[PDB]
Amino acid sequence: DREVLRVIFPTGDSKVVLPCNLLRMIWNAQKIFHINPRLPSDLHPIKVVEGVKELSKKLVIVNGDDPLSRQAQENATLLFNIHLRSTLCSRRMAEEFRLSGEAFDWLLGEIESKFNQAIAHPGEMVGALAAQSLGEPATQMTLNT
Amino acid sequence: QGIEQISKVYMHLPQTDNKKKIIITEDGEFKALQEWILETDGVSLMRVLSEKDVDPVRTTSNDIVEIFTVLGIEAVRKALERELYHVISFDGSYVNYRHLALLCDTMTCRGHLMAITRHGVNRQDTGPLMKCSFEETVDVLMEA
Amino acid sequence: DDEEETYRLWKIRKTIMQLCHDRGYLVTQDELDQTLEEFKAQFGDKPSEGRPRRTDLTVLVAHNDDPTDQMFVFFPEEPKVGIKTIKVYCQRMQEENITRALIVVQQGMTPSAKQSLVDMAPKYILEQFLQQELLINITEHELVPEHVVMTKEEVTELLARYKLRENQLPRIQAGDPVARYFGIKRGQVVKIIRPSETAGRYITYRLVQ
Amino acid sequence: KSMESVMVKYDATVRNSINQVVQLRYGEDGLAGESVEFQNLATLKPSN
Amino acid sequence: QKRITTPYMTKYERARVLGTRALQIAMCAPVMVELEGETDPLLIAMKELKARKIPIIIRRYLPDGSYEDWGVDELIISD
């Protein structure tokens, strides 16, 4: 994935727009459960790996079982899965974040619930919404530069 | 010498990271390099691309009918998107991406470049009661 | 001059050896990276009063999946091409039993010749190019994404998965530079694969009509 | 006046008025541009 | 079965279900919750939704001509 990112983003920037924030969701879980970042944690790493896998399975944009409907799903949520795997790796969450076992299931259950309500709604007049979203920034445009 | 239509050609090397040459070094780091670029006043790209020691990949023109005839239709899509982005983000503003994508997709959907104009809307597989709301009610409805 | 002329003939040749490799033909590996001085030593130093005559440059290739269907490419000698001159080629195809043929027109063709190629529809399909257009591979440009042509078994999987017809797809006319680079006929579906910043990768389809 | 009747149909495809598919998924991702925000990758920039 | 649509009551279906059910109450239809001193025909229709007890079925029309019917009880209320 590190090698794929270098060809998706050739210039080298890192500012992207994505669904539910992850660093803030880790910061919240670090305080709903009084995580003390001073003592050894009790989070088994193979639990992190398999939990992230299972979570990645339940994020369907294109629901289907046959090919050509099982590869478009992997094309849709390609960037978000890379971000999720790089942020919730086993080294980082045993070195920096130091979440407990109880505080990890909460985070997993919240990622999914705040993702499933970002999907578009079937019926919004997307066309007219995109026509005045570009026309009013045409008003800020300078007349003759 | 030269190509007939291009009249004046300037020369400078930029300082921004917009026109620099960004390479991935052996240590795997993004490094930017200053390189000479040339900008003309006048366009005939099919010949400028065919010349020697001129990069045929990154060379482009700011006119899109030329890219349509020379490069294709998907190149028109991407160039139009890029120019919209550049004119929007000129004064530091920002607009989401979905809107640019949807606009530059519905603008080049039927294969050819139909402008959003009077006689660009006049042509599609649309009903009779919509073309009667635009200034030629009676004749098109008599046809219908 | 000839140094400009020995350069172009090597460049145009290198382009075509990829164009036919994209269409799924079998081209030997070293033919793709044939450097200039190697070309200058094999076919001749100069075409001005030289051994490279714009003939001795023609190429005949066979398909990967089947050794019978073959493709030919011709390099006419006159600046603009007449009538029997292509029938000279039409005869050369008639004798060798090859239907896929290309002609690398030098500077132009005649309106009468334009009539003379659209007639043999069910047999002897020829593609007309220009010397200038083949000087650069547009497929390796920055703006141009990656196209792939789908078999007629895959196309019936889309229209049954998304429960579509074939009229409801986005369209592309068979006259733009990439529609001809791949040799596409009406009724085919091409697949575009481009990377985007919101998802990472997006696959769209086009109907060539 | 151009783009009046484009909308998202009940199978998540963005279709025209005559049902001519425009995008197989809205914005190529499928999400509304209302519940997203800026983040960082933190994997592409560092060295080997 | 073969239900391909989302199990979430979208933003627009919640605004039309609340409007119709409220108009039926104003014309003397029988309620389906134990209200307590409530009178506004649109305040009642909102606490019926919180209790999943509105007797209306939604027919979603796919763009290929088909349809499927979801009972308001079966949908996950967005808010």
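In peptide B:71-83, how many Cβ atoms from other protein chains are near each Cβ within 10 Å, on average?
Taking all residues of B:71-83 together, the mean is 5.
Which entries in the list C:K14/C:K84; A:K53/D:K45; C:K114/C:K185 go over 22 Å, if you measure between the two C-alpha atoms of each?
Long pairs (Cα-Cα over 22 Å): C:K14/C:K84; A:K53/D:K45.
Which of the peptides B:29-36, A:74-81, A:22-29 is most tightly packed, and how do the rest follow, judged by the mean count of other Cβ atoms within 10 Å per residue?
Top to bottom by mean Cβ count within 10 Å: A:74-81, A:22-29, B:29-36.
Along the Cα-to-Cβ line of A:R70, 7 Å from the Cα, sits a label point; which residues in segment C:141-158 have backbone N less than 17 Å from it?
Residues C:157-158 fall inside that zone.
Provide a whole-number value for the mean count of partner chain Cβ atoms within 10 Å of the Cβ atoms in peptide C:146-159.
1
Counting other beta carbons within 10 Å of each residue's own, what order do A:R70, C:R186, C:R161 fall into, fewest first?
If I rank by nearby Cβ atoms, fewest first, I get C:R186, A:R70, C:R161.
For the pair A:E110/D:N48, report the inter-label distance in nm, with labels modelled 7 Å from Cα in the Cβ direction.
3.9 nm
For chain E, count all C-alpha to C-alpha pairs, find those more than 20 Å apart, and express that count as a whole percent of the total.
Above the 20 Å cut-off, chain E has 36 percent of its Cα pairs.
If packing is taken as the mean number of other Cβ atoms within 10 Å per residue, what is the order of D:31-44, E:42-55, C:31-44, highest first?
D:31-44, E:42-55, C:31-44
Take every Cα pair under 8 Å in chain E that's 6+ residues apart, average their separations, divide by the length, and report that relative contact order as a whole percent.
35 percent
Can you sort C:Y202, C:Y7 by how many other beta carbons sit within 10 Å, fewest first?
C:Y7, C:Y202
Tally the DSSP beta bridges in the protein assembly as shown and give the antiparallel ones as a percent, rounded to 5.
Counting only bridges with both partners in the protein assembly as shown, antiparallel ones make up about 75 percent.
Counting other beta carbons within 10 Å of each Cβ, put B:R82, E:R16 in order, fewest first.
Ascending number of Cβ neighbours within 10 Å: E:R16, B:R82.
Take the alpha carbon gyration tensor of segment C:1-136, find the square roots of its eigenvalues, order them as a ≥ b ≥ c, and report rounded if a/c is under 1.5; if not, report prolate when a/b exceeds b/c, else oblate.
oblate
Quick check: from the Cα gyration tensor, does chain B come out rounded (a/c under 1.5), prolate or oblate?
Here chain B falls in the prolate category.
Can you say what percent of the DSSP beta bridges in chain C, counting only those with both residues inside, are antiparallel? Round to 5.
Bridges in chain C are about 60 percent antiparallel.
Taking the Cα of C:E78, stepping 7 Å toward and past its beta carbon, and measuring to each backbone N in segment C:93-122: which are under 18 Å?
Only C:103-118 fall inside the zone, counting backbone N under 18 Å.
Can you pull the mean other chain C-beta count within 10 Å for peptide C:201-209?
What the average comes to for C:201-209 is 5.
Please say if the protein assembly as shown is rounded, prolate or oblate, where rounded means a/c under 1.5 for a ≥ b ≥ c the square roots of the C-alpha gyration tensor eigenvalues, and otherwise the choice is prolate for a/b larger than b/c and oblate otherwise?
Taking the square roots of the gyration eigenvalues as a ≥ b ≥ c, the protein assembly as shown is prolate.
Over chain B, calculate the relative contact order: mean separation of alpha carbon pairs under 8 Å at least 6 apart, over the residue count, as a percent.
13 percent
Neighbour counts run over all protein chains shown; Cβ positions are idealised from the backbone, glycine included. Quick note: the coordinates plus some simple rules give every number you see, no bench work behind them.
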